[PDB]
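Protein chains in written order, with this note's numbering: chain R, 1 to 191; chain U, 1001 to 1271; chain X, 2001 to 2191; chain Y, 3001 to 3271.
Beta carbons: idealized from backbone N, C-alpha and C, even for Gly.
Notes to accompany the following structure.
4 protein chains.
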Amino acid sequence: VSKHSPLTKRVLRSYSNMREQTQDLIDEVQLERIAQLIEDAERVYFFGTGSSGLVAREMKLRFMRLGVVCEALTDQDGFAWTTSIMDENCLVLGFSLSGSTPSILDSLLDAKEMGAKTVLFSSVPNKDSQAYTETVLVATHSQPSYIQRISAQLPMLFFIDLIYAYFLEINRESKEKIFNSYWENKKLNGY
Amino acid sequence: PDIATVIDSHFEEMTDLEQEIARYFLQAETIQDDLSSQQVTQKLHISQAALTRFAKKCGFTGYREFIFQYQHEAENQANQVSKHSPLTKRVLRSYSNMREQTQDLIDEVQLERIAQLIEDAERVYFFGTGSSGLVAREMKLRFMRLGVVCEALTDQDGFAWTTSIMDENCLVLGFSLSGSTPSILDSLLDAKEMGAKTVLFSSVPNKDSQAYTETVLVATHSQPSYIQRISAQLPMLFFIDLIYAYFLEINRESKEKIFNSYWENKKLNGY
Amino acid sequence: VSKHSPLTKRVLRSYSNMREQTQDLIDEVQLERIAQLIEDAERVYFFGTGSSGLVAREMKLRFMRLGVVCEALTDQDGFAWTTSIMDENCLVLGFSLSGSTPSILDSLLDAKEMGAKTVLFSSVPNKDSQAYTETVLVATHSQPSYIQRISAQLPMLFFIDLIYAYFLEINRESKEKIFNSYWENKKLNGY
Amino acid sequence: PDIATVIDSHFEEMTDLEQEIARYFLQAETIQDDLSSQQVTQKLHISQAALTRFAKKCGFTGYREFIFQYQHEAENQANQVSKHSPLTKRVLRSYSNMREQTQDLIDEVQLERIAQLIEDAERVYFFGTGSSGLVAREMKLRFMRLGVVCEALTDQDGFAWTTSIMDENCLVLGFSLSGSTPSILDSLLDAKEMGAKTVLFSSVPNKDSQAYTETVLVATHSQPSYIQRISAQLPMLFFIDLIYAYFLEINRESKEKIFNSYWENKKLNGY
Ligand SMILES: CC(=O)N[C@H]1[C@@H](O)[C@H](O)[C@@H](COP(=O)(O)O)O[C@@H]1O
Ligand SMILES: CC(=O)N[C@H]1[C@@H](O)[C@H](O)[C@@H](COP(=O)(O)O)O[C@@H]1O
Ligand SMILES: CC(=O)N[C@H]1[C@@H](O)[C@H](O)[C@@H](COP(=O)(O)O)O[C@@H]1O
Ligand SMILES: CC(=O)N[C@H]1[C@@H](O)[C@H](O)[C@@H](COP(=O)(O)O)O[C@@H]1O
Ligand SMILES: [Cl-]
Ligand SMILES: [Cl-]
Ligand code: NA
Ligand code: NA
Ligand code: NA
Ligand code: NA
């Protein structure tokens, strides 16, 4: 009976606490370090499932537009056939909020065995995480019950946007040129 | 500047009693005890006035100020920009700005009314392109687990073939942040001509909006340039999460049962 | 050194033998029977993985255009959340050329337990196939080795097109109207 | 009309010997024995002329005709339209017609030349919409397991962003059956202007074709009306399967190893 209902209040609070939490978790030298891993990589891959898969889909879109040669895969067979053709010049970002999705975990090791660098985003620390090149711990939702939780993508979209910012300032002139081409008059499939 | 040093500095200025109270506060473990100016006064068998005198001898206006600084020193640590990088501060302020923006835009009776439209609908459809496509896909994933019969479409061909099999019992939620994607906008009119309810999620108050059952104004990003803009999904996820919360509380017992069926032991394709 | 190379010959022969084989397998009263199951169903679903998934994708496209309310799903979680909201008025077509993909098999039973009618397309007869409402045996590829085989979709696209033909002639006037709407002048998203 | 009855009918017309040969052929198990007119003549200790006389007494022009009808009766069964339904005959004739059509259109040195373009390319892309999108997706799935670095795209936004990061080392295979989908056609020119090789798969000899490194004429369907047309994928799958066969035999040892890696015991995400 005030500016907002108890339900509108609960949602907006979960968002606020996701920003406060994410702030206390930032390891800027890691986030920047990863941003450079993308640049120095021949091919980048984003593995994810469910909502963690939608997070992988957007990242492919955003970085492709900055000139990155990348793909997003969201199913086990895609991971397995993609891993079989990886090398040391590959980088894999694995998205698993629970830190337990077997397909996501096994793929990063598969990528590790083929020589590729491996990054893991998850809200739950584990010990297999040592095996990966980096492990970015994201925020945990503030709703105890799964059903009442806000979008599962958010803990990860926070750190995607930060890595995006650190990456964009690396040789930004070239990236911003590749990005504006979408609107260019010569472009025959543009806006 | 340590409050432990300040009491030690003034220890030899204090009367025989105030020197005893200094001992209490100088022990590192009193920080755990209750210090509400009555539990502390009892514990030491003293008067409040006694404690107040103690405080002013250490350099404070009263007891209330002293304990305030005394306690809060346990969590003082760093209060500057630990996240120094102004680029990091740029993203985080885009996120906070968005949430603040979102708050001002909420029409709570509209959002609930959309939540109801979803329930009464037989088939719900989500239309979106690019990043707005991911938003539509997530809404399908989230509301299907509450039992909603829905589909998510992200190409023009899909919209047209989906609109051709709609009727007055369908509902179409279209997602176009700019408010100008022709396929999304022309697909809502398509659906409306078939009798379907239509909702539009966009940050731009456009005039075509009037041709839809609902039009939800989401927030604009805070970055002038597109290239620096944070994810295009969020203006919409804010409101998606709000409609989901309203919707979830409509016949919740039913929905929670369908949502938990994913983890059912009888479920042959679950966890 | 003739009209065609030994390699062009091998491919075109595998196609021919796929038509000859498919012909000897047709159970017309079954194919037509299934065509009616689609009509009498409130909601139709197509489950498939890999190339069997692409076969499910096309079928959704073709039948949706005849006015069928249908969806195609190609991953385990999609199957599981879709099955949880099925009823006796649902029909599920499951596509598994090997007849062994665990996700596909378990979903049809899941659909069976929720009351939905279940159809299975596979080139290998099994005994769990008894549990399904129908079981359409398709042709087997004529190349011994997996790698040298022609497209994995074909054994199934044969029978999709036959069921499509039997279905289209059921109340064909209504379906053909729903189909031409794509090109209609009033249609605001058309051709 | 049974050949067993015919010999029985004429049994009492045959000489003492021809009645013995009737016994051989009347046994149901001789059908398994060798009957090349020399193994049969040996086995019975007879001359060929003897057998020929036997045949003409049963009603045949020679021994060769008799055994021909005699043997082939084991698999005679039904030779009419078991698949009676003329609708079923409609689909099957669309399929056969397609394969026949495809044969006449094959430019074997073009198809092999495309197979080579794929090998030399660093990044391969498949563009297609609707049913032509499924064709592009399957090609990605099939050639990735031979080690090819490839991606499949099925929306306009995807084509534009993909073309902007192409160069002279890329190859784009565009799939438009009609030969007139603007997004597919304008995306090949996009790629070409970036230096990429371009291939077009379409059934319509168009003149834009001249602006591409290759243009593959696939078959037209046999059904005038679209609604009755069988799957739109096939005209292209025919040629896809042909390019795959040519491509697979380029450095096969390497490719087969990458293909079998899916079933590797060391593979941590395989079978
Ligand atoms: C508990 C639960 O409902 N999980 C679902 C999704 O919420 C999640 O996005 C997906 C990937 O999970 P992740 O790999 O841990 O991110 O798995 C499940 O489909
Ligand atoms: C301005 C711009 O770059 N647009 C691109 C995406 O960022 C966007 O998500 C999509 C949908 O646009 P929307 O419908 O306005 O959300 O169109 C384009 O792909
Ligand atoms: C042996 C093999 O390589 N199988 C692959 C695909 O060819 C197949 O399409 C898919 C679904 O298989 P299905 O369910 O048997 O059709 O499984 C695998 O990804
Ligand atoms: C005539 C027609 O109905 N076209 C539809 C589909 O059948 C087709 O697959 C797709 C690509 O068309 P293509 O590029 O000519 O193959 O466009 C439309 O979705
Ligand atoms: Cl905030
Ligand atoms: Cl044939
Ligand atoms: Na939450
Ligand atoms: Na922003
Ligand atoms: Na074959
Ligand atoms: Na045809």
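Rounded C-alpha distance that separates residue i from residue j
i, j, result
"Y/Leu3092", "X/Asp2024", "12 Å"
"R/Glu88", "U/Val1006", "60 Å"
"U/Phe1247", "U/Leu1146", "9 Å"
"U/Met1144", "U/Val1135", "14 Å"
"R/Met18", "R/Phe158", "9 Å"
"R/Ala165", "Y/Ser3132", "37 Å"
"Y/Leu3044", "Y/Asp3016", "14 Å"
"R/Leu91", "X/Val2001", "47 Å"
"U/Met1014", "U/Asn1079", "33 Å"
"X/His2004", "Y/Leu3111", "12 Å"
"Y/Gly3128", "U/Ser1222", "36 Å"
"X/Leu2061", "R/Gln36", "42 Å"
"X/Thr2140", "X/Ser2123", "5 Å"
"U/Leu1087", "R/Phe179", "20 Å"
"U/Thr1162", "U/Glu1122", "14 Å"
"X/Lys2187", "U/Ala1191", "10 Å"
"Y/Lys3057", "Y/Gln3077", "26 Å"
"Y/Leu3217", "R/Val119", "45 Å"
"Y/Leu3242", "Y/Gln3048", "51 Å"
"U/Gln1019", "U/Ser1009", "12 Å"
"Y/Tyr3070", "X/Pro2144", "34 Å"
"U/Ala1074", "U/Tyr1024", "17 Å"
Presumed contact (8 Å Cβ cut-off) between residue i and residue j, rounded CB distance
i, j, result
"U/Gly1059", "U/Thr1052", "Contact doesn't hold; Cβ gap of about 13 Å is too wide."
"U/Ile1165", "X/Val2069", "6 Å"
"X/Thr2101", "X/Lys2117", "The Cβ separation is near 20 Å, so there is no contact."
"R/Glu58", "U/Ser1183", "Not quite, the Cβ-Cβ distance comes to about 19 Å (not below 8 Å), so this is no contact."
"U/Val1109", "U/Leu1173", "So it is not a contact: roughly 18 Å between Cβ atoms."
"R/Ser98", "R/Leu105", "The pair is not a contact, with the Cβ atoms about 10 Å apart (cut-off 8 Å)."
"U/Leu1189", "U/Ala1211", "6 Å"
Within chain R, the residues that residue i reaches when beta carbons sit closer than 7 Å
i, result
"X/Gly2050", "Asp77"
"U/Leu1217", "None at all; the shortest Cβ gap to chain R is about 15 Å."
"Y/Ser3183", "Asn189"
is_contact[residue i, chain A] using C-beta, thresh 8 Å
i, result
"U/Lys1089", "In the structure shown, chain A cannot be found, because the protein chains are R, U, X and Y."
Interface partners of residue i on chain X, CB under 9 Å
i, result
"Y/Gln3233", "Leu2054, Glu2058, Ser2151, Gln2153, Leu2157"
"Y/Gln3103", "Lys2003, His2004, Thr2008, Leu2012"
Contacts that residue i makes with chain Y (C-beta to C-beta distance below 8 Å)
i, result
"X/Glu2039", "Within chain Y, no residue comes near X/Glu2039; the closest Cβ sits about 16 Å away, beyond 8 Å."
"X/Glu2176", "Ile3227"
"R/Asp27", "Per Cβ cutoff of 8 Å: no residues; R/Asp27 is ~28 Å from chain Y at best."
"R/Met64", "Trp3161, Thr3162, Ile3165"
Chain Y residues whose Cβ lies nearer than 9 Å to that of residue i
i, result
"X/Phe2179", "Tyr3226, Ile3227"
Within chain R, the residues that residue i reaches when beta carbons sit closer than 8 Å
i, result
"Y/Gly3270", "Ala80"
"U/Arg1113", "Correct list: empty, because the minimum Cβ distance to chain R is about 13 Å."
"Y/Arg3123", "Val69"
Residues that residue i contacts on chain Y, provided the C-beta gap is smaller than 7 Å
i, result
"R/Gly67", "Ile3165"
"R/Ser107", "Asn3269"
"R/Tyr182", "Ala3160, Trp3161, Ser3164"
"X/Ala2165", "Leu3087, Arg3090, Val3091"
Amino acids of chain U, ordered along the chain, whose beta-carbon sits closer than 8 Å to that of residue i
i, result
"R/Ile160", "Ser1231"
Closer than 7 Å at the beta carbon, the chain X residues around residue i
i, result
"Y/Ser3096", "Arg2019"
Those residues, in chain order, that have a beta-carbon closer than 5 Å to some heavy atom of ligand 5: Near ligand 5, residues with a Cβ at less than 5 Å from any of the ligand's heavy atoms are R/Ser16, R/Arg19, U/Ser1096, U/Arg1099; the list follows chain order.
Continuous alpha helix (DSSP H) assignments of at least 4 residues falling wholly in the segment 2090 to 2115 of chain X: Here the runs fully enclosed are 2102 to 2113.
Alpha helix (DSSP H) segments (min. 4 residues) lying fully within the segment 3117 to 3167 of chain Y: At a cut-off of 4 residues, the continuous stretches assigned as alpha helix (DSSP H) that sit fully inside the segment 3117 to 3167 of chain Y are 3130 to 3144, 3156 to 3163.
Exercise answer, beta-carbon shell around ligand 8 heavy atoms below 5 Å: Chain-ordered list of matching residues: U/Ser1094, U/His1221, U/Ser1222, U/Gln1223, U/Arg1229, U/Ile1230.
Those residues, in chain order, that have a beta-carbon closer than 5 Å to some heavy atom of ligand 4: Qualifying residues, in the order they occur: U/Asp1157, Y/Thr3129, Y/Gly3130, Y/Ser3131, Y/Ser3132, Y/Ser3176, Y/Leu3177, Y/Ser3178, Y/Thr3181, Y/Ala3232.
Any alpha helix (DSSP H) of 4 or more consecutive residues that is wholly inside the segment 1020 to 1049 of chain U: Entirely contained in the segment 1020 to 1049 of chain U, the alpha helix (DSSP H) runs reaching 4 residues are, in chain order, 1039 to 1043.
In chain order, each beta strand (DSSP E) run of at least 3 residues that lies wholly inside the segment 1206 to 1264 of chain U: As far as the segment 1206 to 1264 of chain U is concerned, its whole beta strand (DSSP E) runs of at least 3 residues are 1214 to 1217.
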